[PDB]
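Contents: one structure, followed by commentary.
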Amino acid sequence: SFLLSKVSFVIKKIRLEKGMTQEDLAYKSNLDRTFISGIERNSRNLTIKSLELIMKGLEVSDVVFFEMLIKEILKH
Amino acid sequence: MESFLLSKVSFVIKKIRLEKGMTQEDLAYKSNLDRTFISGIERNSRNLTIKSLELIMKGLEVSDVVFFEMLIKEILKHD
Ligand code: NA
Numbered sequence: 003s004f005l006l007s008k009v010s011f012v013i014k015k016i017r018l019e020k021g022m023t024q025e026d027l028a029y030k031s032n033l034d035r036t037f038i039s040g041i042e043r044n045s046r047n048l049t050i051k052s053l054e055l056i057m058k059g060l061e062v063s064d065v066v067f068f069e070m071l072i073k074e075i076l077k078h
Numbered sequence: 001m002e003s004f005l006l007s008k009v010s011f012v013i014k015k016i017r018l019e020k021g022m023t024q025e026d027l028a029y030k031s032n033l034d035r036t037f038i039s040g041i042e043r044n045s046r047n048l049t050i051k052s053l054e055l056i057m058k059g060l061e062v063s064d065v066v067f068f069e070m071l072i073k074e075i076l077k078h079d
């Protein structure tokens, strides 16, 4: 999945710019650590509702997240 | 309450579907997904995976970028 790889990269990019570890993000998203780790290794098929929990955990605005996603897609 | 992003994703799928002249059944046929899953999405009653969204975008003949532009606009126009 090309789009899953891009969404996963943006997640990681924002997590790392905020200084959060995977455990920090798991906790704030109310998701399991091993699920966050799986997403970032591009090895898990994320839903829209889980994506929203991750955006809330990151405290990133929905519009900003999708602008970043578009930028990353356009690199290709 | 219900997921904001899910309701907006759902709404953009329906909007594009109708702009292309397609029925729910048509979109199911072209996405290779069950018609009852299409219908559930649009009634804001079904979550979907990123990979199902990609199949829907292929059924809609819309690029990822155009889909996300439309999503951004619909989020902005919500108050
Ligand atoms: Na839905």
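Line by line, the protein sequences give chains A and B.
The first sequence runs 3 to 78 under UniProt numbering.
The second sequence runs 1 to 79 under UniProt numbering.
Where is the CB? At the ideal position from N, CA and C, for every residue including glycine.
Report whether the distance from the Cβ of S52/B to the nearest heavy atom of the ligand NA is below 7 Å. Stepping through the second sequence from its first residue, residue 52/B is reached at position 52. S52/B Cβ: outside cutoff for every heavy atom of the ligand NA.
Would you identify the three-state DSSP class for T49/A, choosing helix, strand or coil? Taking the first sequence and counting its residues from 1, one reaches residue 49/A at position 47. Three-state result, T49/A: strand.
Cα-Cα separation, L5/B to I72/B: Residue 5/B sits at position 5 when you count from the first residue of the second sequence. Residue 72/B sits at position 72 when you count from the first residue of the second sequence. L5/B and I72/B: Cα-Cα distance of roughly 11 Å.
Three-way DSSP call (helix, strand, coil) for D64/A in this model: As a first step, residue 64/A must be located in the first sequence, where it is residue number 62. Helix, per DSSP.
Going by the CB atoms, is the gap between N32/B and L55/B shorter than 8 Å? On the second sequence, position 55 is the one that residue 55/B refers to. On the second sequence, position 32 is the one that residue 32/B refers to. Contact: yes.
With 8 Å as the limit, tell me which residues of the UniProt domain "HTH cro/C1-type" (13-68) of chain A have their beta carbon closer than that to any beta carbon of chain B; keep them in chain order. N47, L48, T49, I50, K51, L53, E54, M57, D64, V65, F68
Cβ of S10/B versus every heavy atom of the ligand NA: is any distance shorter than 7 Å? As a first step, residue 10/B must be located in the second sequence, where it is residue number 10. Under cutoff, so the answer is yes.
Backbone CA spacing between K14/A and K30/B [nearest angstrom]: Residue 14/A sits at position 12 when you count from the first residue of the first sequence. Residue 30/B sits at position 30 when you count from the first residue of the second sequence. So the two alpha carbons sit approximately 33 Å from each other.
So residue 90/A and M70/A are in contact, right, with Cβ under 8 Å, and what is the actual spacing, rounded? Summary: the structure shown does not reach residue 90/A, with chain A confined to residues 3 through 78, and so no result is reported for it.
At a cut-off of 7 Å, is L6/B close to the ligand NA when judged by its beta-carbon and the heavy atoms of the ligand? Indexing the second sequence from 1 puts residue 6/B at position 6. It does: the Cβ of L6/B is within 7 Å (strictly closer) of some heavy atom of the ligand NA.
My understanding is that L53/B touches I38/B, with C-beta atoms under 8 Å, so please give their C-beta distance in whole angstroms. Residue mapping note: residue 53/B aligns to position 53 of the second sequence, counting from 1. Residue mapping note: residue 38/B aligns to position 38 of the second sequence, counting from 1. Not confirmed; about 12 Å, so no contact.
Near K20/A, which residues of its chain fall below 7 Å by C-beta distance, leaving aside the five closest residues on each side in sequence? In the first sequence, the residue the question calls residue 20/A occupies position 18. So the qualifying residues of the chain are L60.
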